[PDB]
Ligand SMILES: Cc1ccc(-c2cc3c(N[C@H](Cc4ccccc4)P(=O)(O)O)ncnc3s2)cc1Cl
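Single chain ahead, by itself, as structure tokens, in the form solved without the ligand.
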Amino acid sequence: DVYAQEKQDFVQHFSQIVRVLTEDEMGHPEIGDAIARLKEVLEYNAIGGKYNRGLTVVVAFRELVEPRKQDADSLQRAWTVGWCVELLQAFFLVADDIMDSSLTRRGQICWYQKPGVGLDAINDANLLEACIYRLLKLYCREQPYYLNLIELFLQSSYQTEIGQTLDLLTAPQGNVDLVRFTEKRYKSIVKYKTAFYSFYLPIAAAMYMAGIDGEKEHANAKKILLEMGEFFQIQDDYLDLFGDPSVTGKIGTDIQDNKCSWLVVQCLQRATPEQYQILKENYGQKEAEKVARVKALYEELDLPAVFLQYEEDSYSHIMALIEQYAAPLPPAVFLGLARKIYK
């Protein structure tokens, strides 16, 4: 497994990331304390996930750059850009945990819930974002792809924030939202909030690094990668309720938070008028027994079996798209990523 090959080296590069985001400022002692808080934020929030998004940059970089061109410094730029994707994820999750009222993430208490943090985490999150652009500058400023990468990271943030905005608008707290939970809406939300940054962004970064900047090549990749990202979010929604928390590292809140989850969309498609009422009376509320009634309804409509069927169909579909749109890129780029997310 090519991801598992490259993991140790990727993670080991983190202490260099952190040294450089501190060595950058030994000329300014007055900001010493702030830099120490930054280190602590990086350590708590950039570590402990699966690193799939960041590793995708590195794996794809290997497969796209001719190996005589993979010198020490280029590899280091690749690992650094991979870490920039992980920093963007860390930015997003720290903020999302506050907005979703979350408890745990990656198996530990959410950063904002730590005593002494609280809403200061808003600034913490934005420092994570700022780190991306400081790394790009320190490591890629003289490369012909520098501007492409900056604009890709910015554009990806914007798309993700537009996605989040739709996610929030579709889920107002304390209000019966069932009319709004449709398939068309669901697919838009997830395209913008997850698919661009989690799937297009890292492969696109590696494309740009390898000097593949053509509009058609990017557009072809993107047809594959946005569909994979949609499946990824549906799986994330399913696991929010049916996953095992010692594996997912987090406790699901989608029903309480009134979310336009794939599950609730599937539910609505199938429920009898009576079941529609159960959903209505119980969805989007804090009360544990209300949450449980919803979950029972989902199990009564074999939504877990529906998810298992959908996963097999989506896998066939994604593979068909790799057949249609991968060339001229190595199909292994996309296949290694599909292996990481299916089963």
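C-alpha atoms forming the largest set that superposes within 1.5 Å between two forms make up the rigid core. Just count from 1 along the sequence shown to find any residue number.
Visitor: So which moves more in 8 other deposited structures of this protein by CA, 59-67 or 289-297, given a superposition on the core?
Guide: This comes out as 289-297, the stretch further from the shown form in 8 other deposited structures of this protein.
Visitor: Fitting on the rigid core only, I'd like to know which of the two stretches, 269-277 or 109-117, ends up farther away in Cα terms in 8 other deposited structures of this protein.
Guide: Of the two stretches, the larger average C-alpha offset in 8 other deposited structures of this protein falls on 269-277.
Visitor: Going by the mean C-alpha B-factor recorded in the entry, which is higher: 314-322 or 26-34?
Guide: The recorded data point to 26-34.
Visitor: In the PDB record, does 126-134 or 179-187 carry the higher mean Cα temperature factor?
Guide: It is 179-187.
Visitor: With respect to the C-alpha temperature factors reported in the PDB entry, which of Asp96, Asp71, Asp257, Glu230 ranks highest?
Guide: Across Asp96, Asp71, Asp257, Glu230, the entry lists the biggest C-alpha B-factor for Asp71.
Visitor: Given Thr80, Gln269, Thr104, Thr165, identify the residue with the highest C-alpha B factor in the PDB entry.
Guide: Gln269 has the highest C-alpha B-factor of those listed.
Visitor: Mind checking which third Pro202 falls in for C-alpha B-factor across the chain?
Guide: Within its chain, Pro202 is a lowest-third residue by C-alpha B-factor, going by the deposited values.
Visitor: Comparing against every modelled residue in the chain, figure out the third that the C-alpha B-factor of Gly54 lands in (lowest, middle or highest).
Guide: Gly54: CA B-factor falls in the lowest third of its chain.
Visitor: Taking the C-alpha B-factors as the PDB entry records them, is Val264 in the lowest, middle or highest third of its chain?
Guide: For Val264, whose C-alpha B-factor we compare with every modelled residue in the chain, the answer is the middle third.
Visitor: Relative to the other modelled residues of the same chain, rank the CA B-factor of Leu239 and answer lowest, middle or highest third.
Guide: It falls in the middle third of the chain.
Visitor: Ordered by C-alpha B-factor within the chain, which third holds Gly118? Give me lowest, middle or highest, please.
Guide: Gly118: CA B-factor falls in the lowest third of its chain.
Keep in mind the form deposited with the ligand bound is missing from the figure; the text below concerns it.
Visitor: With the ligand left out here, work out from 271-279, 53-61, 292-300, 29-37 which stretch has heavy atoms within 4.5 Å of it in the bound PDB entry.
Guide: After filtering at 4.5 Å, what remains is 53-61.
Visitor: Give me the residue from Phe232, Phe181, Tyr139, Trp111 that has a heavy atom within 4.5 Å of the ligand in the bound PDB entry.
Guide: When the ligand is considered in the bound PDB entry, the option within 4.5 Å is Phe232.
Visitor: Is it the case that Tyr3, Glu311 and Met319 all touch the ligand in the bound PDB entry, with a non-hydrogen atom of each within 4.5 angstroms?
Guide: Yes: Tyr3, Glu311 and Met319 each sit within 4.5 Å of the ligand in the bound PDB entry.
Visitor: Might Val20 be said to contact the ligand in the bound PDB entry, defining contact as any heavy atom within 4.5 Å?
Guide: No, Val20 stays farther than 4.5 Å from the ligand in the bound PDB entry.
Visitor: Taking any heavy atom pair closer than or equal to 4.5 Å as contact, tell me whether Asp236 reaches the ligand in the bound PDB entry.
Guide: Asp236 belongs to the contact set for the ligand.
Visitor: Does at least one non-hydrogen atom of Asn220 fall within 4.5 angstroms of the ligand in the bound PDB entry?
Guide: Because no heavy atom of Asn220 falls inside 4.5 Å of the ligand in the bound PDB entry, the answer is no.
Visitor: Quick check on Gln155: any heavy atom within 4.5 Å of the ligand in the bound PDB entry?
Guide: So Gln155 does not count as contacting the ligand.
Visitor: With the partner left out here, which residues of 318-343 have a non-hydrogen atom within 4.5 Å of the ligand in the bound PDB entry?
Guide: If the 4.5 Å heavy-atom criterion is applied to the ligand in the bound PDB entry, 318-343 yields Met319, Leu335, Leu337, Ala338, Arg339, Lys340, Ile341, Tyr342, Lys343.
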